[PDB]
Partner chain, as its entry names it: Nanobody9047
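Consider the single chain below, provided in structure tokens and representing the form solved without the partner chain.
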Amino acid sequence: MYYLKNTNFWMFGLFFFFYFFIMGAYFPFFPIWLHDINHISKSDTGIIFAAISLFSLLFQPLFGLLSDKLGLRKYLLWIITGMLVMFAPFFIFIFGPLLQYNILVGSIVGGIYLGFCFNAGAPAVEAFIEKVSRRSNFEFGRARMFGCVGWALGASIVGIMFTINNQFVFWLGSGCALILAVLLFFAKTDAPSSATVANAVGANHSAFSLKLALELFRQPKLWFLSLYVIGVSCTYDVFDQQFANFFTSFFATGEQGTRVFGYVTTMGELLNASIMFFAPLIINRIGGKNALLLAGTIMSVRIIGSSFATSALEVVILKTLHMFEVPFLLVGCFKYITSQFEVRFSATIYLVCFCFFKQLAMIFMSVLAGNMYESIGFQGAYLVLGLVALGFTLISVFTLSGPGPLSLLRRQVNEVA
């Protein structure tokens, strides 16, 4: 409408419906392809999802220094794309072999960089795209809920495709989503207008200092969130690493236990989208902390729950819980962080607690998770994590800063208005 003649909306919206069609491939069916197509150690998928986190942490950062000190040049974001023209050659001809030709540490390391154009590129893409929403007038959130259908159709299509042939994907994702999610450039923007003639605006900014850090470090309420963050999350995070094959087991053909999976995920948007609607409202009445516990109570139940699975139906209810949670989490982390911290801090709070610490707590965790799914298989390991996760959760109905104890409108309603 207000975008019909608006072209970069189409451009970057479509660029969003392609960067996320690939996501919808590479991500949910990673476990499957690894372990099945490649047949890989129930504990060595850990040394992979492991190197995965150790780098998304060496890049999520350095990618800031680019994402902005670079501004409107697609440059960086063009490496990302070109690197994704080789999705195929890579897994098929390099990633797959390296691992499998059982040289595996020296194959993930040297193969966990096409994880760079995903872990610390997926957000990176999402930035650049809003810097355009500005200059070009889109409700960024109108073009991002564009790349949401792509990851919905992604899963569905891909899964069904995947079975039929794992190969006829890395070739689809490497073109179907590459040559376009790349060709969507020769038609773009740069113009130092629609911002300020000089530099009065153009691309929102912020700061992350040492003292800032050293200040938070002084703060306990930072620590208690660093508790919930490393405790409930990181832990849940890895729960999902492997979970996909633990899924496919409760099914007829494994080559049917996939599709279903691709389905449970496609229906996620079709769920989470709705959930997301109310959410705020709710979050803002329930009060952050509470809603962060709400998320651990589930996260938690899903782990323990899974540790007691017997059938398929159950397992297709655990994979559906992961959905209610998420909303109440990121949206919760947001509303708590904010209701509990100095806006100046906010920036740093994320990098420091949500990127440096969790990815760290995961470089380690997902190794003893795989080393654990061996000595005790899944369901056993699930009891461990399930408890450690719920434990911490009760510990937070205590630690996390309640609903504004020494300020309810100056440290709770202040940022609000």
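Numbering follows the first chain given and starts at 1.
The question of which stretch, 30 to 38 or 355 to 363, has the higher mean Cα B factor is settled in favour of 355 to 363. Comparing 177 to 185 with 205 to 213, the stretch with the higher mean C-alpha B-factor in the PDB entry is 205 to 213. Among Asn137, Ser226, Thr297, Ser156, the highest C-alpha B-factor in the deposited entry belongs to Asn137.
Per the deposited record, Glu255 carries the highest C-alpha B-factor of all listed residues (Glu255, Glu130, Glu314, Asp240). In the deposited entry, the Cα temperature factor of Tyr382 sits in the bottom third of values across the chain's modelled residues. When the modelled residues of the chain are ordered by their C-alpha B factor, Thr348 lands in the middle third.
When all modelled residues of the chain are sorted by CA temperature factor, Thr45 is found within the middle third. Per the deposited record, the Cα B-factor of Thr338 falls in the lowest third when ranked against the other modelled residues of its chain. Sort the modelled residues of the chain by CA B factor and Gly24 lands in the middle third.
From this point on, the text means the form solved in complex with the partner chain, which you will not see here.
Interface residue remark: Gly380 is counted as part of the site for the partner chain in the entry with it bound, having a heavy atom within 4.5 Å. Remark: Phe29 does not count among the residues lining the partner chain in the entry with it bound, judged by a heavy atom distance of 4.5 Å or less. Interface residue remark: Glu374 is counted as part of the site for the partner chain in the entry with it bound, having a heavy atom within 4.5 Å. Contact annotation for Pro280: none of its heavy atoms lies within 4.5 Å of the partner chain in the entry with it bound.
Not one of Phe128, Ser136 and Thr189 places a heavy atom within 4.5 Å of the partner chain in the entry with it bound. Here the chain stands by itself, but in the entry with it bound one stretch of 222 to 230, 245 to 253, 105 to 113, 80 to 88, 245 to 253, has heavy atoms within 4.5 Å of the partner chain. For the options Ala291, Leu76, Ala213, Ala309, the residue carrying a heavy atom within 4.5 angstroms of the partner chain in the entry with it bound is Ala309.
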